[PDB]
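Listed next as structure tokens is one chain, alone, in the form deposited in one PDB entry.
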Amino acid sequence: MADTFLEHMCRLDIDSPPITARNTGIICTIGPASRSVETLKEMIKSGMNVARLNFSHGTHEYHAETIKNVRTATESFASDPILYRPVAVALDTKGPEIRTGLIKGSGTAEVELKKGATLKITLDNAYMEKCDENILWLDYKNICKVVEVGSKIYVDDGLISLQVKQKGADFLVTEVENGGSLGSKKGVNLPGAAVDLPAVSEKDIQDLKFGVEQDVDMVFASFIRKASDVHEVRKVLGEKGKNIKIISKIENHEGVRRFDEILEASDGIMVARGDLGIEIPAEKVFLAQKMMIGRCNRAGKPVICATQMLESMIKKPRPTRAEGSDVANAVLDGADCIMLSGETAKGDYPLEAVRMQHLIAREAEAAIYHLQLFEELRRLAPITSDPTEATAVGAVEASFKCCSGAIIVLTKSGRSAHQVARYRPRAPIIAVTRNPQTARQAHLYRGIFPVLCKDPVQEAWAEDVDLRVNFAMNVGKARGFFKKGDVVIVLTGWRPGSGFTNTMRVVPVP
């Protein structure tokens, strides 16, 4: 209601309650702490929309049992078809890696190195058994060609740094920049450097194949560097996983610099904030995050942002005081879902963490100046002749003017709800579908609430359409989005099929 952003901030009140609807999606990692059909059932009630499986750890037998358990808890509530809530399954690839050899043969032995000490790095397979505080063997056979003189090298999550001093054929002579402890099989990161590793490793061709067979909703693709890498993943999923959404993880200088070509090839972005903060300096990661959420909002594409719980540095008191400034930040920046990794996989209090994500996410929607955003998105939209685009703009403007409580949209592929949601209307968008995969992927887009319809297809089509609209109005009242004698916008097509949405009706709630 404010004319300015400064007025808007000045009128924030702490003695007023929020709405029931929570626009932002919640993604939880599943490990040993929460693999069980009783823990799962309880997180679904707390507000979990997506379950992420991390294919770094475990085998294919172990994961298949987590998927089975995720589906069992989901289907428990498929008895009251009004209060059923769909839940997606995603798959994080391990992704292409560079690793050191075994230290002193054993693998449990640790050799400590001091600042200044020059060491040689060798690519020859003789030294892969015995690495000492003078010779390190790396798995990467092309490191010499990608590295330059003056380039830095990080060993094990940026604990040890090496300055490149002398560049030679099949060997590198390096000064030591930081002191730490070298263990066996530790990961290597090469800042600045435009790495030449393949798009998919030999291991991930097997995991991408396992996911298509296990019928997953989306794939998180690690270490994306160019638009050709995204194209590679799409070939491996084949024509049998052609519906599976590819989300590109951005996690080095190069993928940041070449962002615009990746965005175009992908189905959505993830800003892997831990990973990005090893390669990029800490105070620059802050800016790179806002730039990527900004560009994803302007293109109408979903952007996941991977967060953490923080605590105070000086700790005298006993309580943990789980500080969720990190989470609230992203909601405000205009992220579509937020992710919690460790806190839900191996941590001690999983339910408590989902309940925190929820309560923060809900409250922080108050502080956005939604009006400025909404106008702004409508200006950078092109004139077209596509009937569907024009229906959507009509629906969104009607909805301001009558202060409607919901926009109902019938959809098969999800595409018609996606066009409405790119404007960020105030009103919740209910999508009514029969396709069960479409109801799952809908959690990626901010402000869409999917409802799946189970009923048998009626004889007359006009009569089928009127059944799915009514279903949607019951589910709306049950979940408390509007009551009787309110106004809703309803959006549909003229014939059966995908791509024919063209009608907008303004109706009273029965």
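Numbers for residues come from their place in the sequence shown, where the first is 1. Heads up, when I say rigid core I mean the largest set of C-alphas that superpose within 1.5 Å between the two forms.
Omitted here: the form deposited in another entry. The next part is about that form.
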Exercise. Just one of 381, 288, 322, 299 has a CA that shifts 2 Å or more between this form and the one not shown on a core fit; which is it?
Worked result: 322
Problem set entry | residue 309 C-alpha relocation of at least 2 Å between this form and the one not shown, rigid core basis | yes
For this session: Since the C-alpha distance between residue 342 and residue 322 changes by 3 Å or more in the other form, give its direction relative to the shown form: closer or farther.
Result: farther
Exercise. Closer or farther apart in the other form, the C-alpha atoms of residue 322 and residue 30, for a change of 3 Å or more?
Worked result: farther
